[PDB]
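Visitor: If it helps, the file is called final-v8.pdb and holds PDB, C-alpha atoms (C1' of nucleotides):
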```pdb
ATOM      1  CA  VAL O   5      41.295 129.337 120.095
ATOM      2  CA  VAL O   6      44.290 131.137 121.668
ATOM      3  CA  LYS O   7      47.480 129.272 120.616
ATOM      4  CA  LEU O   8      50.936 130.135 122.031
ATOM      5  CA  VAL O   9      53.527 130.419 119.191
ATOM      6  CA  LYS O  10      57.117 130.244 120.543
ATOM      7  CA  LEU O  11      59.932 131.326 118.182
ATOM      8  CA  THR O  12      63.519 130.080 118.654
ATOM      9  CA  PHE O  13      66.062 132.073 116.648
ATOM     10  CA  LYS O  14      69.064 130.301 115.155
ATOM     11  CA  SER O  15      70.727 133.408 113.695
ATOM     12  CA  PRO O  16      70.645 136.996 114.994
ATOM     13  CA  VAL O  17      67.667 139.128 113.995
ATOM     14  CA  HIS O  18      67.723 142.762 112.917
ATOM     15  CA  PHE O  19      64.274 144.120 113.886
ATOM     16  CA  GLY O  20      64.943 147.748 112.867
ATOM     17  CA  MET O  21      63.017 150.538 114.638
ATOM     18  CA  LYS O  22      63.894 153.601 112.545
ATOM     19  CA  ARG O  23      67.297 152.882 110.990
ATOM     20  CA  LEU O  24      69.412 149.940 109.896
ATOM     21  CA  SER O  25      71.976 150.692 112.620
ATOM     22  CA  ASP O  26      69.458 150.319 115.441
ATOM     23  CA  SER O  27      67.760 147.119 116.570
ATOM     24  CA  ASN O  28      64.898 145.971 118.771
ATOM     25  CA  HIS O  29      64.517 142.696 120.637
ATOM     26  CA  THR O  30      60.871 142.292 119.540
ATOM     27  CA  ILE O  31      58.552 143.190 116.636
ATOM     28  CA  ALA O  32      54.984 144.650 116.553
ATOM     29  CA  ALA O  33      51.944 142.458 115.727
ATOM     30  CA  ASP O  34      51.598 144.419 112.447
ATOM     31  CA  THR O  35      55.158 143.442 111.384
ATOM     32  CA  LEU O  36      54.237 139.784 112.058
ATOM     33  CA  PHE O  37      50.858 140.177 110.258
ATOM     34  CA  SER O  38      52.592 141.749 107.237
ATOM     35  CA  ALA O  39      54.985 138.743 107.163
ATOM     36  CA  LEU O  40      52.005 136.327 107.460
ATOM     37  CA  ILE O  41      50.179 138.114 104.575
ATOM     38  CA  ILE O  42      53.335 138.117 102.351
ATOM     39  CA  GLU O  43      53.715 134.361 103.111
ATOM     40  CA  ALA O  44      50.050 133.577 102.403
ATOM     41  CA  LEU O  45      50.328 135.436  99.097
ATOM     42  CA  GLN O  46      53.435 133.379  98.209
ATOM     43  CA  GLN O  47      51.707 130.090  99.196
ATOM     44  CA  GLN O  48      48.545 131.171  97.282
ATOM     45  CA  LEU O  49      46.152 131.122 100.232
ATOM     46  CA  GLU O  50      43.052 133.203 100.878
ATOM     47  CA  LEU O  51      43.694 136.370 102.886
ATOM     48  CA  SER O  52      40.122 136.495 104.231
ATOM     49  CA  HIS O  53      40.964 134.379 107.288
ATOM     50  CA  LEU O  54      43.903 136.579 108.297
ATOM     51  CA  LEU O  55      42.057 139.820 107.527
ATOM     52  CA  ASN O  56      38.803 138.867 109.287
ATOM     53  CA  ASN O  57      39.380 136.387 112.128
ATOM     54  CA  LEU O  58      43.089 136.316 113.096
ATOM     55  CA  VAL O  59      43.899 138.171 116.375
ATOM     56  CA  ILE O  60      47.650 138.318 117.257
ATOM     57  CA  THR O  61      49.911 139.901 119.948
ATOM     58  CA  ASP O  62      53.245 141.685 119.732
ATOM     59  CA  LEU O  63      56.042 139.084 120.047
ATOM     60  CA  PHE O  64      56.963 139.112 123.781
ATOM     61  CA  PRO O  65      60.232 138.046 125.448
ATOM     62  CA  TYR O  66      60.365 134.513 126.873
ATOM     63  CA  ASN O  67      63.062 132.841 129.045
ATOM     64  CA  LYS O  68      63.375 129.282 130.355
ATOM     65  CA  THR O  69      62.575 130.848 133.770
ATOM     66  CA  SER O  70      59.543 132.921 132.643
ATOM     67  CA  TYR O  71      57.296 134.416 129.884
ATOM     68  CA  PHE O  72      57.278 138.243 129.918
ATOM     69  CA  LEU O  73      54.232 140.459 129.161
ATOM     70  CA  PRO O  74      54.586 144.263 128.539
ATOM     71  CA  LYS O  75      54.570 146.596 131.519
ATOM     72  CA  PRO O  76      51.068 148.088 131.927
ATOM     73  CA  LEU O  77      50.875 151.888 131.887
ATOM     74  CA  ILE O  78      49.143 152.174 135.315
ATOM     75  CA  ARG O  79      49.882 155.036 137.769
ATOM     76  CA  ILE O  80      51.493 153.564 140.956
ATOM     77  CA  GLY O  89      62.340 155.057 143.160
ATOM     78  CA  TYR O  90      60.576 156.080 139.963
ATOM     79  CA  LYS O  91      63.722 155.309 137.932
ATOM     80  CA  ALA O  92      63.472 151.593 138.769
ATOM     81  CA  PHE O  93      59.812 151.494 137.733
ATOM     82  CA  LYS O  94      60.473 153.390 134.488
ATOM     83  CA  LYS O  95      63.488 151.192 133.588
ATOM     84  CA  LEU O  96      61.268 148.077 133.791
ATOM     85  CA  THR O  97      59.696 147.104 130.464
ATOM     86  CA  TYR O  98      58.526 143.476 130.821
ATOM     87  CA  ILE O  99      56.996 141.659 133.789
ATOM     88  CA  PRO O 100      56.742 137.853 134.103
ATOM     89  CA  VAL O 101      53.265 136.346 133.892
ATOM     90  CA  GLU O 102      53.368 135.322 137.559
ATOM     91  CA  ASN O 103      54.328 138.848 138.683
ATOM     92  CA  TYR O 104      51.781 140.648 136.480
ATOM     93  CA  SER O 105      49.026 140.484 139.107
ATOM     94  CA  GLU O 106      51.453 141.641 141.805
ATOM     95  CA  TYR O 107      52.492 144.602 139.652
ATOM     96  CA  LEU O 108      48.851 145.470 138.938
ATOM     97  CA  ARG O 109      47.934 145.370 142.637
ATOM     98  CA  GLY O 110      50.900 147.599 143.495
ATOM     99  CA  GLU O 111      52.452 144.921 145.722
ATOM    100  CA  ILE O 112      55.746 145.382 143.840
ATOM    101  CA  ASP O 113      58.473 147.629 145.257
ATOM    102  CA  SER O 114      61.299 149.464 143.516
ATOM    103  CA  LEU O 115      63.882 146.827 144.457
ATOM    104  CA  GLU O 116      61.509 144.099 143.281
ATOM    105  CA  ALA O 117      61.074 145.972 139.988
ATOM    106  CA  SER O 118      64.861 146.149 139.663
ATOM    107  CA  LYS O 119      65.010 142.387 140.223
ATOM    108  CA  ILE O 120      62.294 141.886 137.588
ATOM    109  CA  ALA O 121      64.271 143.987 135.104
ATOM    110  CA  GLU O 122      67.421 141.991 135.926
ATOM    111  CA  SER O 123      65.449 138.708 135.628
ATOM    112  CA  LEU O 124      64.869 139.002 131.858
ATOM    113  CA  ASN O 125      67.819 137.728 129.773
ATOM    114  CA  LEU O 126      66.285 137.964 126.278
ATOM    115  CA  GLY O 127      69.703 138.341 124.690
ATOM    116  CA  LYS O 128      72.763 140.462 123.852
ATOM    117  CA  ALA O 129      72.349 143.260 121.245
ATOM    118  CA  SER O 130      75.200 144.021 118.843
ATOM    119  CA  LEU O 131      76.184 146.006 115.759
ATOM    120  CA  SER O 132      77.678 144.242 112.732
ATOM    121  CA  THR O 133      79.732 146.490 110.447
ATOM    122  CA  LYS O 134      79.287 145.296 106.860
ATOM    123  CA  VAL O 135      80.666 146.695 103.610
ATOM    124  CA  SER O 136      79.262 147.085 100.104
ATOM    125  CA  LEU O 137      81.748 146.469  97.287
ATOM    126  CA  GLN O 138      79.304 147.077  94.426
ATOM    127  CA  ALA O 139      81.088 150.247  93.276
ATOM    128  CA  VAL O 140      84.674 148.959  93.581
ATOM    129  CA  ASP O 141      84.614 147.528  90.047
ATOM    130  CA  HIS O 142      83.484 150.891  88.592
ATOM    131  CA  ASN O 143      86.384 152.982  89.965
ATOM    132  CA  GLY O 144      84.190 153.691  92.991
ATOM    133  CA  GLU O 145      84.764 152.717  96.606
ATOM    134  CA  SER O 146      83.740 150.334  99.349
ATOM    135  CA  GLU O 147      80.814 151.612 101.409
ATOM    136  CA  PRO O 148      80.654 150.766 105.132
ATOM    137  CA  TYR O 149      77.242 150.360 106.720
ATOM    138  CA  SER O 150      76.011 149.028 110.050
ATOM    139  CA  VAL O 151      73.310 146.445 110.765
ATOM    140  CA  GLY O 152      72.043 146.270 114.322
ATOM    141  CA  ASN O 153      71.282 142.703 115.366
ATOM    142  CA  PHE O 154      70.144 141.006 118.574
ATOM    143  CA  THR O 155      71.316 137.559 119.621
ATOM    144  CA  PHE O 156      68.905 135.633 121.852
ATOM    145  CA  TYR O 157      70.358 133.505 124.671
ATOM    146  CA  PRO O 158      69.741 129.805 123.904
ATOM    147  CA  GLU O 159      66.811 129.373 126.343
ATOM    148  CA  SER O 160      65.512 132.901 125.445
ATOM    149  CA  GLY O 161      62.957 133.329 122.603
ATOM    150  CA  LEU O 162      60.116 135.584 121.347
ATOM    151  CA  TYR O 163      56.533 134.226 121.706
ATOM    152  CA  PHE O 164      53.165 135.539 120.450
ATOM    153  CA  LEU O 165      49.571 134.505 121.205
ATOM    154  CA  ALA O 166      47.256 133.971 118.197
ATOM    155  CA  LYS O 167      43.448 133.760 118.520
ATOM    156  CA  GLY O 168      40.861 132.719 115.907
ATOM    157  CA  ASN O 169      38.714 129.954 114.482
ATOM    158  CA  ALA O 170      40.049 126.517 113.562
ATOM    159  CA  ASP O 171      40.434 127.364 109.864
ATOM    160  CA  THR O 172      42.544 130.461 110.489
ATOM    161  CA  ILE O 173      44.512 128.558 113.143
ATOM    162  CA  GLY O 174      45.457 125.858 110.632
ATOM    163  CA  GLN O 175      46.252 128.496 108.025
ATOM    164  CA  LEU O 176      48.457 130.140 110.655
ATOM    165  CA  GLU O 177      50.267 126.846 111.258
ATOM    166  CA  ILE O 178      51.001 126.532 107.536
ATOM    167  CA  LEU O 179      52.097 130.167 107.170
ATOM    168  CA  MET O 180      54.297 129.917 110.308
ATOM    169  CA  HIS O 181      56.188 126.829 108.979
ATOM    170  CA  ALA O 182      56.873 128.638 105.646
ATOM    171  CA  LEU O 183      57.758 131.814 107.623
ATOM    172  CA  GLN O 184      60.558 130.089 109.561
ATOM    173  CA  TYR O 185      62.454 129.520 106.261
ATOM    174  CA  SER O 186      61.448 133.072 105.114
ATOM    175  CA  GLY O 187      62.642 134.599 108.425
ATOM    176  CA  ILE O 188      61.408 137.829 110.098
ATOM    177  CA  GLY O 189      62.693 141.400 110.482
ATOM    178  CA  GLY O 190      65.179 143.263 108.360
ATOM    179  CA  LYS O 191      68.173 141.919 106.388
ATOM    180  CA  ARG O 192      66.292 138.583 106.245
ATOM    181  CA  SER O 193      67.712 136.873 103.064
ATOM    182  CA  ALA O 194      71.097 138.446 104.048
ATOM    183  CA  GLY O 195      71.818 136.201 107.048
ATOM    184  CA  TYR O 196      69.259 137.202 109.691
ATOM    185  CA  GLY O 197      65.883 136.226 111.183
ATOM    186  CA  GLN O 198      65.896 132.424 110.677
ATOM    187  CA  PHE O 199      63.685 130.986 113.468
ATOM    188  CA  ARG O 200      62.006 127.680 114.320
ATOM    189  CA  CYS O 201      58.468 128.022 115.699
ATOM    190  CA  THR O 202      56.213 125.806 117.867
ATOM    191  CA  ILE O 203      52.418 126.195 118.144
ATOM    192  CA  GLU O 204      50.870 124.797 121.310
ATOM    193  CA  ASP O 205      47.989 125.186 123.729
ATOM    194  CA  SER O 206      49.182 127.168 126.755
ATOM    195  CA  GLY O 207      47.453 126.648 130.086
ATOM    196  CA  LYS O 208      49.170 129.665 131.644
ATOM    197  CA  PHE O 209      47.970 132.326 129.187
ATOM    198  CA  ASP O 210      44.426 130.965 128.645
ATOM    199  CA  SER O 211      43.927 130.969 132.450
ATOM    200  CA  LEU O 212      45.431 134.482 132.569
ATOM    201  CA  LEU O 213      43.176 135.699 129.724
ATOM    202  CA  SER O 214      40.064 134.307 131.495
ATOM    203  CA  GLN O 215      39.915 137.270 133.881
ATOM    204  CA  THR O 216      37.308 140.044 133.975
ATOM    205  CA  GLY O 217      39.189 142.954 135.509
ATOM    206  CA  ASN O 218      38.299 146.608 135.898
ATOM    207  CA  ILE O 219      41.084 147.712 133.516
ATOM    208  CA  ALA O 220      42.121 146.558 130.023
ATOM    209  CA  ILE O 221      45.740 146.323 128.847
ATOM    210  CA  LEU O 222      46.622 146.228 125.119
ATOM    211  CA  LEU O 223      48.665 143.078 124.294
ATOM    212  CA  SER O 224      49.132 144.169 120.638
ATOM    213  CA  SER O 225      50.115 147.558 119.122
ATOM    214  CA  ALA O 226      46.528 148.597 118.235
ATOM    215  CA  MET O 227      44.426 151.604 117.119
ATOM    216  CA  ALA O 228      40.625 152.064 117.484
ATOM    217  CA  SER O 229      38.195 153.082 114.722
ATOM    218  CA  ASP O 230      37.147 156.786 114.835
ATOM    219  CA  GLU O 231      33.809 155.964 116.566
ATOM    220  CA  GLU O 232      35.630 153.529 118.950
ATOM    221  CA  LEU O 233      38.305 156.199 119.658
ATOM    222  CA  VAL O 234      35.917 158.728 121.244
ATOM    223  CA  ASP O 235      34.706 156.316 124.015
ATOM    224  CA  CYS O 236      38.144 154.618 124.451
ATOM    225  CA  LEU O 237      40.392 157.673 125.168
ATOM    226  CA  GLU O 238      38.548 158.828 128.353
ATOM    227  CA  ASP O 239      40.847 157.960 131.354
ATOM    228  CA  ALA O 240      43.358 156.112 129.132
ATOM    229  CA  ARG O 241      47.069 155.814 129.916
ATOM    230  CA  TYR O 242      48.848 154.987 126.684
ATOM    231  CA  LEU O 243      51.791 155.657 124.402
ATOM    232  CA  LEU O 244      51.074 156.574 120.748
ATOM    233  CA  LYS O 245      53.783 154.784 118.719
ATOM    234  CA  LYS O 246      54.337 155.997 115.151
ATOM    235  CA  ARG O 247      54.033 153.010 112.752
ATOM    236  CA  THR O 248      55.934 153.908 109.530
ATOM    237  CA  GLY O 249      57.890 152.156 106.765
ATOM    238  CA  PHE O 250      58.381 151.301 103.082
ATOM    239  CA  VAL O 251      56.173 148.959 101.080
ATOM    240  CA  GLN O 252      57.871 145.582 100.562
ATOM    241  CA  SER O 253      56.531 143.862  97.438
ATOM    242  CA  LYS O 254      57.301 143.377  93.758
ATOM    243  CA  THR O 255      53.900 144.540  92.472
ATOM    244  CA  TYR O 256      52.924 147.643  94.479
ATOM    245  CA  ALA O 257      54.938 150.043  92.313
ATOM    246  CA  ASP O 258      57.941 150.107  90.009
ATOM    247  CA  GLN O 259      59.981 151.901  92.691
ATOM    248  CA  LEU O 260      60.042 151.638  96.472
ATOM    249  CA  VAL O 261      57.145 153.502  98.101
ATOM    250  CA  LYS O 262      56.724 154.573 101.714
ATOM    251  CA  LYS O 263      53.468 153.589 103.443
ATOM    252  CA  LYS O 264      51.106 156.261 104.847
ATOM    253  CA  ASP O 265      52.267 157.185 108.417
ATOM    254  CA  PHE O 266      50.116 155.507 111.123
ATOM    255  CA  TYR O 267      49.990 156.013 114.906
ATOM    256  CA  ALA O 268      49.005 153.100 117.147
ATOM    257  CA  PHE O 269      48.577 152.728 120.939
ATOM    258  CA  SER O 270      51.572 150.701 122.176
ATOM    259  CA  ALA O 271      51.415 147.289 123.894
ATOM    260  CA  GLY O 272      50.806 147.634 127.614
ATOM    261  CA  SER O 273      48.607 150.695 127.126
ATOM    262  CA  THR O 274      45.695 150.674 129.523
ATOM    263  CA  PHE O 275      42.220 151.712 128.350
ATOM    264  CA  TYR O 276      39.184 151.688 130.648
ATOM    265  CA  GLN O 277      36.828 150.924 127.696
ATOM    266  CA  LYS O 278      37.776 148.000 125.389
ATOM    267  CA  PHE O 279      37.918 148.817 121.639
ATOM    268  CA  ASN O 280      38.182 146.265 118.897
ATOM    269  CA  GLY O 281      40.855 147.022 116.334
ATOM    270  CA  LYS O 282      40.828 147.281 112.561
ATOM    271  CA  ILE O 283      43.134 146.237 109.686
ATOM    272  CA  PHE O 284      43.873 149.734 108.340
ATOM    273  CA  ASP O 285      45.079 150.518 104.815
ATOM    274  CA  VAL O 286      48.343 152.522 104.700
ATOM    275  CA  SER O 287      48.549 152.289 100.891
ATOM    276  CA  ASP O 288      48.646 155.403  98.696
ATOM    277  CA  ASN O 289      47.472 154.696  95.130
ATOM    278  CA  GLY O 290      49.186 151.365  94.540
ATOM    279  CA  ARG O 291      48.414 148.188  92.632
ATOM    280  CA  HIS O 292      47.364 146.518  95.903
ATOM    281  CA  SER O 293      46.252 147.569  99.377
ATOM    282  CA  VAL O 294      49.016 147.597 101.998
ATOM    283  CA  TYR O 295      47.319 146.296 105.171
ATOM    284  CA  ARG O 296      48.471 147.484 108.613
ATOM    285  CA  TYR O 297      47.227 145.315 111.523
ATOM    286  CA  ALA O 298      45.924 147.469 114.380
ATOM    287  CA  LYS O 299      43.445 144.924 115.806
ATOM    288  CA  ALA O 300      43.364 144.768 119.632
ATOM    289  CA  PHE O 301      44.184 141.833 121.959
ATOM    290  CA  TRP O 302      43.214 142.627 125.572
ATOM    291  CA  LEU O 303      44.452 141.305 128.945
ATOM    292  CA  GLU O 304      41.838 142.324 131.546
ATOM    293  CA  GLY O 305      43.309 143.094 134.952
ATOM    294  CA  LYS O 306      42.228 144.195 138.414
ATOM    295  CA  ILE O 307      43.710 147.345 139.938
TER     296      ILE O 307
ATOM    297  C1'   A S   1      52.610 143.018 101.224
ATOM    298  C1'   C S   2      58.214 142.551 107.735
ATOM    299  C1'   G S   3      61.999 150.908 108.679
ATOM    300  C1'   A S   4      61.872 147.525 104.026
ATOM    301  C1'   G S   5      64.719 145.995  99.495
ATOM    302  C1'   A S   6      70.046 145.753  97.069
ATOM    303  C1'   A S   7      74.893 145.814  99.480
ATOM    304  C1'   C S   8      81.750 140.541 100.446
ATOM    305  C1'   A S   9      84.406 144.877 106.166
ATOM    306  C1'   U S  10      86.819 144.777 101.732
ATOM    307  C1'   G S  11      91.391 146.489  98.972
ATOM    308  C1'   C S  12      96.961 146.958  99.440
ATOM    309  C1'   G S  13     100.841 145.173 102.750
ATOM    310  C1'   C S  14     107.647 139.756 103.664
ATOM    311  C1'   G S  15     107.126 139.241 111.336
ATOM    312  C1'   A S  16     111.106 141.811 109.198
ATOM    313  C1'   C S  17     115.997 144.539 109.977
ATOM    314  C1'   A S  18     121.241 144.371 112.817
ATOM    315  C1'   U S  19     123.735 140.437 115.613
ATOM    316  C1'   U S  20     130.684 134.983 115.397
ATOM    317  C1'   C S  21     128.073 130.065 120.220
ATOM    318  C1'   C S  22     131.916 133.209 121.803
ATOM    319  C1'   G S  23     136.031 134.611 125.862
ATOM    320  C1'   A S  24     139.316 132.173 129.375
ATOM    321  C1'   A S  25     141.051 127.075 129.853
ATOM    322  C1'   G S  26     148.977 122.555 128.862
ATOM    323  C1'   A S  27     145.740 115.830 129.707
ATOM    324  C1'   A S  28     148.725 116.070 133.959
ATOM    325  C1'   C S  29     149.651 116.110 139.538
ATOM    326  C1'   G S  30     151.843 112.750 143.512
ATOM    327  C1'   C S  31     155.037 108.572 143.534
ATOM    328  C1'   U S  32     154.303 104.548 145.444
ATOM    329  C1'   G S  33     152.530  99.483 146.339
ATOM    330  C1'   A S  34     153.363  94.286 146.603
ATOM    331  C1'   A S  35     156.473  90.205 146.909
TER     332        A S  35
END
```
Would you write the structure of this file as structure tokens?
Guide:
Amino acid sequence: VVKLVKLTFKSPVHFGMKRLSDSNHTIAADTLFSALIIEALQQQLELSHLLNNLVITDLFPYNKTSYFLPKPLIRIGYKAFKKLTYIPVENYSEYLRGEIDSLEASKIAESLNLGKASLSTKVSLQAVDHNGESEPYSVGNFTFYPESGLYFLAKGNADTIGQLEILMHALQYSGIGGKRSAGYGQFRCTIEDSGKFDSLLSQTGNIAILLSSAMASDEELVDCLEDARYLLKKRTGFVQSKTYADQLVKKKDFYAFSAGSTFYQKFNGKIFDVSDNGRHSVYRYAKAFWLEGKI
RNA sequence: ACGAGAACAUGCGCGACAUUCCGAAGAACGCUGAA
């Protein structure tokens, strides 16, 4: 049951990539899954549905004009083609067939208006009272245009879909990304049946494109890599919880194929464990959502 | 179990100092009009 989940952001979001100063306009499926797990644990729900039947996608840019999917890594002005990152759903088939030209790719890049990124310079006055000093730091945020929003597609049974609806409503108050609970990431989310995507997903093409940041199991990896065009993205971070350890602990470093990576042989994903001797297992979504296309 | 959590762009600071609404300037010029 693939359900579109559109997110409208009221306040700017941080979405850090490596540092607090930087910012991204989207987040990986794992970052969303980790937020969904944290929420389910707060609301005292069973994690079996999320860990066994929920399939999600990286949040993708959406505009009133169009919904943007990630640019497939398919061999085809090379600058114009490399600058392009997201292609509207209507132009995805044209891009796959090679019917797109460099000027058309430039127009597609200009078409997206997800938002306007910025850097907010904050200060910490915690040490001023102890003969210390104010400490400047920078938070990179991204402000969506009013029509613009981030959407994700969630697939699963009816039970996990309803659980997702509950977690999503709680999540909007919780927020997403970094510096949430410090002014950022408040969003309001709608869950609906989308005719566009379900029709798009009902295609049996010769190539498979990874909607979500995903990694195959070892046995899956050996068949999948042959003839694959892909971009290994390091997935790293600290553990966010009150019960994992007394102090803040980094997760084990993970590498996942990025969204838009094209694999000839489809691989199902796996919820990996990036924990290192903690009081609970830190789950890292790496399951795979596939858009089959014809090239 | 969201490159995450905690974190006041904050503290101090007179839109202020100097600067004549002055200078020149006769209320007086022609003497006529009507019956």
Visitor: Return as a Markdown table the residues of chain O lying at most 7 Å from chain S, together with the closest atom-to-atom pair for each and the distance in Å to one decimal, counting all atoms listed in the file, with rows in chain order and ascending residue number.
Guide:
```
| residue | atom | partner | partner_atom | distance |
| --- | --- | --- | --- | --- |
| O:20 | CA | S:3 | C1' | 6.0 |
| O:21 | CA | S:3 | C1' | 6.1 |
| O:22 | CA | S:3 | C1' | 5.1 |
| O:23 | CA | S:3 | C1' | 6.1 |
| O:35 | CA | S:2 | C1' | 4.8 |
| O:36 | CA | S:2 | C1' | 6.5 |
| O:38 | CA | S:2 | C1' | 5.7 |
| O:39 | CA | S:2 | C1' | 5.0 |
| O:41 | CA | S:1 | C1' | 6.4 |
| O:42 | CA | S:1 | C1' | 5.1 |
| O:133 | CA | S:9 | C1' | 6.5 |
| O:134 | CA | S:9 | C1' | 5.2 |
| O:135 | CA | S:9 | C1' | 4.9 |
| O:136 | CA | S:7 | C1' | 4.6 |
| O:137 | CA | S:8 | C1' | 6.7 |
| O:138 | CA | S:7 | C1' | 6.8 |
| O:146 | CA | S:10 | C1' | 6.8 |
| O:188 | CA | S:2 | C1' | 6.2 |
| O:189 | CA | S:2 | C1' | 5.4 |
| O:190 | CA | S:4 | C1' | 6.9 |
| O:248 | CA | S:3 | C1' | 6.8 |
| O:249 | CA | S:3 | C1' | 4.7 |
| O:250 | CA | S:4 | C1' | 5.2 |
| O:251 | CA | S:4 | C1' | 6.6 |
| O:252 | CA | S:4 | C1' | 5.6 |
| O:253 | CA | S:1 | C1' | 5.5 |
| O:294 | CA | S:1 | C1' | 5.9 |
```
Visitor: Would you translate the PyMOL selection byres ((chain O and resi 6) around 12) into the concrete set of residues it matches in this file, as an mmCIF file with C-alpha atoms, keeping the file's coordinate frame?
Guide:
```cif
data_model
loop_
_atom_site.group_PDB
_atom_site.id
_atom_site.type_symbol
_atom_site.label_atom_id
_atom_site.label_comp_id
_atom_site.auth_asym_id
_atom_site.auth_seq_id
_atom_site.Cartn_x
_atom_site.Cartn_y
_atom_site.Cartn_z
ATOM 1 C CA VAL O 5 41.295 129.337 120.095
ATOM 2 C CA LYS O 7 47.480 129.272 120.616
ATOM 3 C CA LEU O 8 50.936 130.135 122.031
ATOM 4 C CA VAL O 9 53.527 130.419 119.191
ATOM 5 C CA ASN O 57 39.380 136.387 112.128
ATOM 6 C CA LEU O 58 43.089 136.316 113.096
ATOM 7 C CA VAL O 59 43.899 138.171 116.375
ATOM 8 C CA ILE O 60 47.650 138.318 117.257
ATOM 9 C CA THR O 61 49.911 139.901 119.948
ATOM 10 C CA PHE O 164 53.165 135.539 120.450
ATOM 11 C CA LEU O 165 49.571 134.505 121.205
ATOM 12 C CA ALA O 166 47.256 133.971 118.197
ATOM 13 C CA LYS O 167 43.448 133.760 118.520
ATOM 14 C CA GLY O 168 40.861 132.719 115.907
ATOM 15 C CA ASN O 169 38.714 129.954 114.482
ATOM 16 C CA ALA O 170 40.049 126.517 113.562
ATOM 17 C CA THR O 172 42.544 130.461 110.489
ATOM 18 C CA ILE O 173 44.512 128.558 113.143
ATOM 19 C CA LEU O 176 48.457 130.140 110.655
ATOM 20 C CA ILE O 203 52.418 126.195 118.144
ATOM 21 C CA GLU O 204 50.870 124.797 121.310
ATOM 22 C CA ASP O 205 47.989 125.186 123.729
ATOM 23 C CA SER O 206 49.182 127.168 126.755
ATOM 24 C CA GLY O 207 47.453 126.648 130.086
ATOM 25 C CA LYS O 208 49.170 129.665 131.644
ATOM 26 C CA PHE O 209 47.970 132.326 129.187
ATOM 27 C CA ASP O 210 44.426 130.965 128.645
ATOM 28 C CA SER O 211 43.927 130.969 132.450
ATOM 29 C CA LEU O 212 45.431 134.482 132.569
ATOM 30 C CA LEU O 213 43.176 135.699 129.724
ATOM 31 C CA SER O 214 40.064 134.307 131.495
ATOM 32 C CA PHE O 301 44.184 141.833 121.959
#
```
Visitor: Between atom CA of residue 95 of chain O and atom CA of residue 155 of chain O, what is the distance in Å, rounded to a tenth?
Guide: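 Atom CA of residue 155 of chain O lies 21.0 Å from atom CA of residue 95 of chain O.
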Visitor: Could you name the residues that touch residue 191 of chain O at 9 Å or less, counting all atoms listed in the file, but leaving out those on the same chain fewer than 4 positions away, as a PyMOL selection string?
Guide: (chain O and resi 17-19+24+151+195-197) or (chain S and resi 4-5)
Visitor: Would you compute the distance between atom CA of residue 278 of chain O and atom CA of residue 236 of chain O? Give it in Å to one decimal.
Guide: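 Result for atom CA of residue 278 of chain O versus atom CA of residue 236 of chain O: 6.7 Å, one decimal.
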Visitor: What does the PyMOL selection byres ((chain O and resi 257) around 12) select in this file, as number ranges by chain?
Guide: O: 250-256, 258-263, 287-294; S: 1
Visitor: Please return the centre and edge lengths, in Å to one decimal, of a box with edges along x, y and z that contains all listed atoms of segment 26-33 of chain S, widened by 3 Å on every side, as JSON.
Guide:
```
{"center_x": 150.4, "center_y": 111.0, "center_z": 137.6, "size_x": 15.3, "size_y": 29.1, "size_z": 23.5}
```
Visitor: As a check of understanding, name the residues that the PyMOL selection byres ((chain O and resi 70) around 12) selects in the supplied structure, as a VMD selection string.
Guide: chain O and resid 64 to 69 71 to 73 98 to 104 120 123 to 126 159 to 163 208
Visitor: Quote the spacing between atom CA of residue 132 of chain O and atom CA of residue 202 of chain O in Å to one decimal place.
Guide: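 If I compute the distance from atom CA of residue 132 of chain O to atom CA of residue 202 of chain O, I get 28.8 Å.
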Visitor: Excluding residue 130 of chain O and residues on its chain fewer than 3 positions from it, collect all residues at most 6 Å away from it, counting only C-alpha atoms (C1' of nucleotides), and give them as a list in words.
Guide: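 So, after excluding close chain neighbours, the residues are residues 152, 153 and 154 of chain O.
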Visitor: Counting all atoms listed in the file, what is within 8 Å of segment 49-56 of chain O, bar same-chain residues fewer than 4 positions away, as a VMD selection string?
Guide: chain O and resid 41 44 to 45 171 to 172 175 283
Visitor: List the neighbours of residue 112 of chain O out to 12 Å using all atoms listed in the file; skip same-chain residues closer than 2 positions along the sequence, and give me the result as a list in words.
Guide: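 Surrounding residues, per the criterion: residues 80, 89, 92, 93, 96, 99, 103, 104, 105, 106, 107, 108, 109, 110, 114, 115, 116, 117, 118, 119 and 120 of chain O.
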Visitor: For residue 279 of chain O, please output as a ChimeraX atom specification all residues within 8 Å (counting all atoms listed in the file; exclusion window: fewer than 3 positions along the same chain).
Guide: /O:228,232-233,236,300
Visitor: I need the residue nearest residue 27 of chain O from this list: O:121, O:222, O:129, O:179. Use all atoms listed in the file for the distance.
Guide: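 Of the candidates, the smallest distance to residue 27 of chain O is held by O:129.
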